[PDB]
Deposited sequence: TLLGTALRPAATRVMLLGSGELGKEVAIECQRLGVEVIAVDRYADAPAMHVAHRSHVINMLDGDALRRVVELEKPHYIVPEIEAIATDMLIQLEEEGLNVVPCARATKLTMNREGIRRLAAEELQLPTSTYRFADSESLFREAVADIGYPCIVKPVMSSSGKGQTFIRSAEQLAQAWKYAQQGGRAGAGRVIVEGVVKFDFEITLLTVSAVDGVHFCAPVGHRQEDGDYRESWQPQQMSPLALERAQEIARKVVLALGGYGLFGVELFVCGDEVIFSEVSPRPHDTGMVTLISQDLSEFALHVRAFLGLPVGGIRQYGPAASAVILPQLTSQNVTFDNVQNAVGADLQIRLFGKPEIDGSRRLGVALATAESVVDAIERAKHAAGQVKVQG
């Protein structure tokens, strides 16, 4: 592995397609190795742009737009941060010689639920919830009847729990459909009754597949609120979780860190979905590991061996997710949100108009329970105004 010096002729150039808080840390990790960073998003002054050598604003779902920026910047790597991007162009570009992280196919399969679910369940024969896809209200109703109650309906292209409804009875059929349309095609999944859920951060690298200690999390409105590590699990469940994760990542292909979402039922594990990149719940790794999930993703995609990952003990993250409308957000009472074994991150997002993740609180303790309280408490201390 050979790296150039940023801004010099032999520079190693990385293009980030999505400049949110996750891309921001990847940018900082690239910058720490003198890697040249070009940050792309759909709005100006996006978090990763604050720490990039150059920034561009385009429609990331527009293949033509994608090709233009790639031709202009000639990056060695293209690192997407989200699912909603021009995956067919990524495939083309990859064929033309661009290194798409982890690979264009991994991005194509995961941008919509159909690609990934069918691969996991049908091709890899991994355990998953029951599911049925639907492209009409009528077919939607037929799917629910077959799957049974309760079930969850979700748009095939969505994130953060958007357009999803937990369906308990036929009464909600009409509204569930509407709501889902607001997020065409949908997935209807049977409800898995897990003991708990985890994110297994799995790194595929030149030296093999590595696993971070399991990360547990709390969802609210199908969006992450708190995360912690390590999540206690049986030896058998851990092993089965690792086998599943290893299969998924290798099937998807290429080097990078993946966030494998799993449901745990005693010693049994069920596959949910996977981010072919750093995962939001993995932000806990900003305090809990020697190498954060961001540092690990960078290490792997550059072709360097991971070697190993150190976990420092019980830790947790808690989101800073206010609700307001402002283009000039401020954060007060910060003196009461940081301290011994307690930190915060403020993303630099330029504005908000409703609910948006503006930061994260991080803590360590002698138990995950204590870490979770410490982190939640700190996040709540922050006085968001605008």
query	finding
Parts of the chain sequence, as deposited, that carry no C-alpha coordinates in this structure	184-188
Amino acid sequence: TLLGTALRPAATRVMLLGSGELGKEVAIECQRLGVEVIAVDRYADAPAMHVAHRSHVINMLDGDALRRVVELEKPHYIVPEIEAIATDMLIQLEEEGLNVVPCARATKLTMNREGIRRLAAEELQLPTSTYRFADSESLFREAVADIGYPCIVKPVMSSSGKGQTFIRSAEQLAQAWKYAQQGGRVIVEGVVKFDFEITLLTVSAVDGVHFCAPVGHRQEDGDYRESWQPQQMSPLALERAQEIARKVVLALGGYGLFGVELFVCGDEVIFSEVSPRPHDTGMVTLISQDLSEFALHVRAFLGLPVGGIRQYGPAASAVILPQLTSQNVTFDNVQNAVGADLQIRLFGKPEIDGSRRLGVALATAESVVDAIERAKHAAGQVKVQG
From here on, numbers count along this sequence of modelled residues.
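Just so we're on the same page, rigid core means the largest C-alpha set that superposes within 1.5 Å between forms.
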query	finding
Farther-lying stretch by C-alpha RMS in 6 other deposited structures of this protein (rigid core fit) among 200-208, 135-143	135-143
Stretch with larger C-alpha RMS deviation in 6 other deposited structures of this protein, core superposed, 239-247 versus 109-117	109-117
Missing-residue flag, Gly183, threshold a third of other entries	yes
Segment of higher mean CA temperature factor, 55-63 or 27-35	55-63
Residue range whose averaged C-alpha B-factor is higher in the record, 129-137 or 284-292	129-137
Given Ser272, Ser227, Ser204, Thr110, the residue at which the Cα B factor reaches its maximum	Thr110
Among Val306, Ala316, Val298, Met157 - the residue whose C-alpha B-factor is largest in the record	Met157
Cα B factor band for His50 (lowest, middle or highest third within the chain)	lowest
Third assignment of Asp221 from its chain's C-alpha B-factors	highest
Chain-wide C-alpha B factor ranking for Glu81, given as lowest, middle or highest third	middle
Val40 - Cα temperature factor, lowest/middle/highest third of chain	lowest
CA B-factor placement of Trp177, once the chain's modelled residues are sorted into thirds	highest
